[PDB]
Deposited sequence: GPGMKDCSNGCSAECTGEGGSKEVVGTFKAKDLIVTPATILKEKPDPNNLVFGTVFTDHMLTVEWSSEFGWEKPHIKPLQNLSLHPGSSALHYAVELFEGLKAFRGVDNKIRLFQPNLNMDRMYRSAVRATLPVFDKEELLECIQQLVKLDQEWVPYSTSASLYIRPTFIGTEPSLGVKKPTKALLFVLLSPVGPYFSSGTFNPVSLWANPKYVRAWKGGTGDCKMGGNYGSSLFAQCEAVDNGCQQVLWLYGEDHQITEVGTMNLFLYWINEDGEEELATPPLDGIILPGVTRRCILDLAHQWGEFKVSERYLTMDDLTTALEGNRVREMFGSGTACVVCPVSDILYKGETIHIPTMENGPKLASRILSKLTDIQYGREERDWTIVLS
């Protein structure tokens, strides 16, 4: 009956005892949580309950919950930034609401009003705003999560769900400290006709084995390969950019196209928009193979390779382990000039050093 929850209906239960904030420079990504969380219950019978901001607490879930059996779940990732003017800003948060709604439809989780969820998120951040670090290299990570909670082993559209939001203060990185990539084509992240273009939990559970194999070989991320010609698709959890002289001898920033096996990153979209705006080199959404890359390296045609994502912004790549060899990528010996310029521009926008359509000041 209640088609969507409304921020105007928020019930706020503040915590009695507030926790000590961590040192911004000693932060391990996603291990520290703020005082409060957002929860909103849904049922097929009654629709959306009123949204709650309350102290961070365990979830009480029926052990038959479809999130635990059939990965009926999705998540988002976005950040709050304390500006040089001390105003807290979100970055492109409507793109995260759009993507979460699209993910929910694909997961068969109940739809919600995107503007009402964003307002509830703003009110949660506002309450916990002293967690948004006083540092131009740290931020508050925002993790909207949406799970099936129906107490039934049936394989079907859930009749019960929980939408919740966690906040986690994070440093500039995770622990330019460049990443080594593990490339093993025996493992495939995502396929045409699959859900790799949605942020659904199921995409990541199936990717964990390759990630643990990467870390066992001293690599931080998996280079995700696709098809008989070994297309390079994603830098682990991040979109893939290659800055090089292409086959026609033109300076080019290249990234794989949104053909269904690529997560359409907010950071990816912003980087393409900046590169188009600058007009200093060719910008191509195009297929890239291991053979394209190794042929280019042998011709000294590669300048830079980096991943893009909310957590890293720009993540330079120095090495790829492939067929038993270490292939060096000369990113850090080429500046990295473009990676640095992109990171400078995005952080200038995020921390309010310049005005942008891409940021909103916290309500």
### Query
Where along the deposited sequence are residues missing from the model?
1-23, 199-201
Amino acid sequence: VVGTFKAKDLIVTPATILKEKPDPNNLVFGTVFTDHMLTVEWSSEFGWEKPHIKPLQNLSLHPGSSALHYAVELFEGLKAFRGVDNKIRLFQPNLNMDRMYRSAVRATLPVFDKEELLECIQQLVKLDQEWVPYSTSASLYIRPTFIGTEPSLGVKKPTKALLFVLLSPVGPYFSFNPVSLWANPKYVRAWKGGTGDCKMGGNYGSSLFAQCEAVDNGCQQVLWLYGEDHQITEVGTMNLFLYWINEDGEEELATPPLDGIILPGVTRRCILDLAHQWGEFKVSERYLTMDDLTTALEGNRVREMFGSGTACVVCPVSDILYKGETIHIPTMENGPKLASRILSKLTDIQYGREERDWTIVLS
From here on, numbers count along this sequence of modelled residues.
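Throughout, rigid core stands for the largest set of C-alpha atoms superposing within 1.5 Å between the two forms.
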### Message
Rigid core superposition, C-alpha RMS per stretch in 6 other deposited structures of this protein: which comes out larger, 149-157 or 207-215?
### Response
207-215
### Query
Core-superposed in 6 other deposited structures of this protein, which stretch deviates more in Cα positions, 22-30 or 66-74?
22-30
### Query
Taking only the CA atoms, which stretch has the higher mean B-factor in the record, 261-269 or 226-234?
226-234
### Query
Got a sec? Mean C-alpha B-factor, which is higher, 110-118 or 245-253?
245-253
### Task
By the entry's C-alpha temperature factors, tell me which of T39, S65, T31, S308 sits highest.
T31
## Note on the structure
Reading the B-factor column for Cα atoms of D216, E76, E285, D98, the highest value belongs to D216
### Task
Would you check the entry's CA temperature factor for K157 and let me know if it's in the chain's lowest, middle or highest third?
middle
### Third assignment of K87 from its chain's C-alpha B-factors
highest
### Entry-reported Cα temperature factor of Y204, expressed as the chain third it lands in
lowest
### Cα B factor band for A183 (lowest, middle or highest third within the chain)
middle
### Query
Based on the entry's values, in what third of the chain does the Cα temperature factor of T195 lie: lowest, middle or highest?
lowest
